[PDB]
């Protein structure tokens, strides 16, 4: 499968040139275009993967997701773009989480190290999923924008993270279905917990941070399942997003630690 490798190679280049051109004002408009061509080529090449079935399901899901997302993007006021970034970010994190869940349920990993990677991407994708949904709900009006604070919240949140990580690690020794479902549900609950204390004006930083997280999750799933399109794009965005979050914090007069905990 040289032709799919060739295609994915071309996709990474187009994403890299796209990202580069988006970082400078004079070339930014053109940069989203180079990136878009990469995404088109990635989706097209992927129908030729060996052993694929369910072609009608695939095509239906692509259409439902993309039409409704496109329909929402073009009809909201421009003033509402930061929340739209949130919900689309959340969804990608969810998508990484589903890749990890199916592969853990199949018991597809013979290698422990590739398993760990799949697990870590699942925690991080999950957190970003519910975290990004709360960021959206707060800026949209469905929830109030104000901090949701309470008695002993810091300790609760830490205890849920510690427990999410213990049960995740335990899957390397025993991957029972009940443990799997419990790991995801605890990672999903943590995303909620982490965003509750974050106010309206701080929310761009949190959203940038969840963007970095989804990228990383996508990268981790890529390495775990051996897909280069996701290895490169996910790692590239994870790294770029990590820095971008630091820069947004500095420009908005603050620390990332201060907002996030």
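Residue numbers count along the first chain shown, from 1.
For the pair 102-110 and 121-129, the record assigns the higher mean C-alpha temperature factor to 102-110.
Note on 46-54 vs 189-197: mean CA B-factor is higher in 46-54. Highest C-alpha temperature factor among 81, 87, 160, 97 per the entry: 81.
When all modelled residues of the chain are sorted by CA temperature factor, residue 72 is found within the middle third.
Among all modelled residues in its chain, residue 250 ranks in the highest third by Cα B-factor. In the PDB entry, a CA B factor belonging to the highest third of its chain's modelled residues is recorded for residue 178. Among the modelled residues of its chain, residue 218 has a C-alpha B-factor that falls in the lowest third according to the deposited record.
Among the modelled residues of its chain, residue 212 has a C-alpha B-factor that falls in the lowest third, as given in the PDB entry.
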